[PDB]
Structures are given as C-alpha cells and as structure tokens.
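Trainee: The structure is given below, and queries will be raised subsequently.
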Amino acid sequence: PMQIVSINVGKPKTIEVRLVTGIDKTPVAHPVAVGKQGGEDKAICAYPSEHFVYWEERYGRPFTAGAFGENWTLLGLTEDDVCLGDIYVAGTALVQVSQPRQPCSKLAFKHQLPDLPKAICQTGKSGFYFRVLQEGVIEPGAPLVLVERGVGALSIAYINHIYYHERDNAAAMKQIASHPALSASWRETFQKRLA
C-alpha cells in the first residue's frame, strides 16, 4: 500500500528574466512519461496524501490531490519512513529521493493561507523530491516499490529537523552533506553553514 495515488500535471508559463511550471496541477487519468529533467535534483515533487487529513482539520476546507502543487500524490510514504537516497521503482521508471521540499509563498497564494508555509515548517508535513535515475512511464495507482534503502537511513523528517532546528549541529550537518544522494543546493547550504 505504497503507491502514487495521483499524478498531477500543470501548465507551463514564461516569466521575463525562462520557462517555469505552475504550482496549479490537475490529476490526470492516463499514462505519463517520467523524464530526467538543480532541475535534475528536483525532477518530481511528491506529497503524502495522509497529510491532507490534517490540513482539512486545521483549515476547515478540502485538500485533495494536487493541493500542494505535487507531481505525485503519494499513499503509504511519509517523511518519517522515506530516506535520503532511497531508490524506488515506479512503473517502468527508477527514482531516488534527493531532498525535502521547502514550503514556499506560491503555496500560500494558492490557498490564500499566509500561515501555511510556517505550518509546514512547524509540522514537518513537507513532502520531498525525487531525481529520475531511469526514465519511464507511470499510471495513476502505480505501486512505488523500494528497491534500495538510502545509505545511512536518514529520514526526510530527520533532515528537515536538522535544517530547521539544529542549525548549530556540526556532526549532523557534515553527515547529511556527505550523502552522495543529497541535492547540490542542500549540500551547499550545509557547507555555507559549517563555515
């Protein structure tokens, strides 16, 4: 009971500065190609559907698939159970956990909830990104099968906790920064801190 319950797709837009993808993504009912492409590290944004229950209770309104701008709405995989470096088979694709997802102002504007990013940081209900190790195709309801536990078994919950609360924990940061699966940007941040 670990799966992608929804694959959500958004519309591209250009800004004057480049092409960016919108935070508004709609659930689709058909197969979707999973391609490799900073951009690579954040290829797929994933969010645990379990947390929608909490958000509906906190804010008194619905939260359904796509509500956090996620490509993949997940079932059975929360931040406590998913580790940096975990490799999963999804459809014909292979994906690897690269970093926690940080809360952002686009999400606050989407829901018109200015305290939502703070709440995400306080609760740790953030979701996480995957990089794509092997391109393929997935369908809604696809199982996500763990094929390798990230070395060190460092959970996304643990990594968020160090990043947001233990900014003066040297041993913790060096260790996470040392992980070969960590996104370059998170590595850099842990190396700017630590100096």
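Please note that chains go A, B, ... in the order of the structure tokens, that every chain numbers its residues from 1, and that ligands are numbered from 1 in the order shown.
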Select from region 11-181 of chain A everything DSSP, run on the backbone, classes as alpha helix (DSSP H), then give the selection as a ChimeraX atom specification.

Mentor: /A:50-59,105-111,116-123,156-165,170-178

Trainee: How close does region 71-159 of chain A get to region 170-179 of chain A? List, as a Markdown table, each residue of region 71-159 of chain A within 12 Å, its nearest atom pair and the distance in Å to one decimal, counting only C-alpha atoms.

Mentor:
```
| residue | atom | partner | partner_atom | distance |
| --- | --- | --- | --- | --- |
| A:83 | CA | A:179 | CA | 11.1 |
| A:84 | CA | A:179 | CA | 8.1 |
| A:85 | CA | A:179 | CA | 8.0 |
| A:86 | CA | A:179 | CA | 11.6 |
| A:97 | CA | A:179 | CA | 11.5 |
| A:98 | CA | A:179 | CA | 9.8 |
| A:99 | CA | A:176 | CA | 10.4 |
| A:150 | CA | A:179 | CA | 9.1 |
| A:151 | CA | A:179 | CA | 7.9 |
| A:152 | CA | A:179 | CA | 8.4 |
| A:153 | CA | A:179 | CA | 10.5 |
| A:154 | CA | A:176 | CA | 7.8 |
| A:155 | CA | A:176 | CA | 10.3 |
| A:156 | CA | A:176 | CA | 10.7 |
| A:158 | CA | A:172 | CA | 9.7 |
| A:159 | CA | A:176 | CA | 7.4 |
```

Trainee: Generate a file of the selected residues that holds N, CA, C and O atoms, formatted as a CSV table (one decimal), in the first residue's frame.

Mentor:
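Result went into result-v7.csv, see below:
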```
chain,number,residue,atom,x,y,z
A,83,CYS,N,13.7,7.9,3.2
A,83,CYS,CA,15.1,8.3,3.5
A,83,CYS,C,15.8,8.9,2.3
A,83,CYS,O,15.5,8.5,1.1
A,84,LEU,N,16.7,9.8,2.6
A,84,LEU,CA,17.6,10.3,1.5
A,84,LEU,C,18.3,9.2,0.8
A,84,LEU,O,18.8,8.3,1.5
A,85,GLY,N,18.3,9.2,-0.5
A,85,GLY,CA,18.9,8.1,-1.2
A,85,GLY,C,18.1,6.9,-1.5
A,85,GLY,O,18.6,6.1,-2.3
A,86,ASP,N,16.9,6.8,-0.9
A,86,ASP,CA,16.0,5.6,-1.2
A,86,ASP,C,15.8,5.6,-2.7
A,86,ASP,O,15.5,6.7,-3.3
A,97,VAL,N,15.2,9.5,-3.9
A,97,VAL,CA,14.9,10.7,-3.0
A,97,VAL,C,16.2,11.6,-2.9
A,97,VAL,O,17.3,11.1,-2.7
A,98,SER,N,16.0,12.9,-3.2
A,98,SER,CA,17.1,13.8,-3.3
A,98,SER,C,17.1,14.9,-2.2
A,98,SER,O,18.2,15.4,-1.9
A,99,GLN,N,16.0,15.3,-1.7
A,99,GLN,CA,15.9,16.4,-0.7
A,99,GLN,C,14.4,16.5,-0.2
A,99,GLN,O,13.5,16.1,-0.9
A,150,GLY,N,18.2,4.2,1.2
A,150,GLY,CA,19.3,5.2,1.2
A,150,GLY,C,20.3,4.9,2.3
A,150,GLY,O,19.9,4.5,3.4
A,151,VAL,N,21.6,5.0,1.9
A,151,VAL,CA,22.6,4.7,2.9
A,151,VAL,C,22.6,5.6,4.0
A,151,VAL,O,22.3,6.8,3.9
A,152,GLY,N,22.7,5.0,5.2
A,152,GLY,CA,22.6,5.8,6.5
A,152,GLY,C,21.1,5.9,7.0
A,152,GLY,O,20.9,6.2,8.1
A,153,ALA,N,20.2,5.6,6.1
A,153,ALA,CA,18.8,5.6,6.5
A,153,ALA,C,18.5,6.9,7.2
A,153,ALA,O,18.1,6.9,8.4
A,154,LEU,N,18.8,8.0,6.5
A,154,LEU,CA,18.5,9.4,7.1
A,154,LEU,C,17.1,9.8,6.6
A,154,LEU,O,16.9,10.1,5.4
A,155,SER,N,16.1,10.0,7.4
A,155,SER,CA,14.8,10.2,7.0
A,155,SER,C,14.6,11.6,6.6
A,155,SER,O,15.4,12.5,7.0
A,156,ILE,N,13.6,11.9,5.7
A,156,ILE,CA,13.3,13.3,5.4
A,156,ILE,C,12.9,14.1,6.6
A,156,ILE,O,13.3,15.2,6.8
A,158,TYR,N,14.1,13.6,9.7
A,158,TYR,CA,15.3,13.9,10.4
A,158,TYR,C,16.1,15.1,9.7
A,158,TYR,O,16.5,16.0,10.4
A,159,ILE,N,16.1,15.1,8.4
A,159,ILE,CA,16.9,16.1,7.6
A,159,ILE,C,16.2,17.5,7.8
A,159,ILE,O,16.8,18.4,8.0
```

Trainee: Can you tell me, as a PyMOL selection string, which residues in region 58-166 of chain A count as strand (DSSP E) by DSSP?

Mentor: chain A and resi 72-75+87-90+93-100+128-134+136-138+144-148

Trainee: What are the closest atom pairs, with distances in Å to one decimal, for each residue of region 93-163 of chain A lying within 10 Å of region 62-82 of chain A, using only C-alpha atoms, rows by chain and rising residue number, as a Markdown table?

Mentor:
```
| residue | atom | partner | partner_atom | distance |
| --- | --- | --- | --- | --- |
| A:97 | CA | A:82 | CA | 7.9 |
| A:100 | CA | A:79 | CA | 8.4 |
| A:101 | CA | A:70 | CA | 9.9 |
| A:103 | CA | A:68 | CA | 9.4 |
| A:106 | CA | A:69 | CA | 9.1 |
| A:107 | CA | A:68 | CA | 6.7 |
| A:108 | CA | A:68 | CA | 9.8 |
| A:110 | CA | A:67 | CA | 8.5 |
| A:111 | CA | A:67 | CA | 8.4 |
| A:124 | CA | A:79 | CA | 7.7 |
| A:125 | CA | A:79 | CA | 7.3 |
| A:126 | CA | A:79 | CA | 7.7 |
| A:127 | CA | A:79 | CA | 6.5 |
| A:128 | CA | A:79 | CA | 7.7 |
| A:129 | CA | A:70 | CA | 9.3 |
| A:140 | CA | A:72 | CA | 9.0 |
| A:141 | CA | A:74 | CA | 9.2 |
| A:142 | CA | A:74 | CA | 9.9 |
| A:143 | CA | A:75 | CA | 9.3 |
| A:144 | CA | A:74 | CA | 8.8 |
| A:146 | CA | A:82 | CA | 9.6 |
| A:149 | CA | A:82 | CA | 8.7 |
| A:150 | CA | A:82 | CA | 8.7 |
| A:153 | CA | A:82 | CA | 8.4 |
| A:154 | CA | A:82 | CA | 8.2 |
| A:155 | CA | A:82 | CA | 5.5 |
| A:156 | CA | A:79 | CA | 4.9 |
| A:157 | CA | A:79 | CA | 4.9 |
| A:158 | CA | A:80 | CA | 7.6 |
| A:159 | CA | A:79 | CA | 9.4 |
| A:160 | CA | A:79 | CA | 9.0 |
```

Trainee: Do you have the CA of residue 184 (chain A)-CA of residue 36 (chain A) distance handy?

Mentor: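 It comes out at 15.9 Å.
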
Trainee: Kindly indicate which residue among A:118, A:50, A:6, A:14 lies nearest to residue 31 (chain A), using only C-alpha atoms for the distances.

Mentor: A:6

Trainee: Excluding residue 12 (chain A) and any residue of its chain fewer than 3 positions from it, enumerate the residues within 12 Å of it, using only C-alpha atoms, and give them as an MDAnalysis selection string.

Mentor: chainID A and resid 9 15 18:25

Trainee: Quick one: of A:191, A:134, A:37, A:3, who's nearest to residue 96 (chain A), counting only C-alpha atoms?

Mentor: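 Comparing A:191, A:134, A:37, A:3 against residue 96 (chain A), the winner is A:134.
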
Trainee: Contacts of residue 93 (chain A) at 9 Å or less, counting only C-alpha atoms, minus same-chain residues fewer than 4 places along, as a ChimeraX atom specification?

Mentor: /A:33-35,88-89,132-138

Trainee: Between A:8, A:113, A:91, A:119, which is the closest to residue 145 (chain A) once you count only C-alpha atoms?

Mentor: A:91

Trainee: Expressed in Å to a single decimal, how great is the separation between CA of residue 188 (chain A) and CA of residue 38 (chain A)?

Mentor: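 Atom-to-atom, CA of residue 188 (chain A) to CA of residue 38 (chain A), that is 11.8 Å.
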
Trainee: So what do you get for CA of residue 162 (chain A) versus CA of residue 190 (chain A), distance-wise?

Mentor: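 Between these atoms lies a distance of 9.9 Å.
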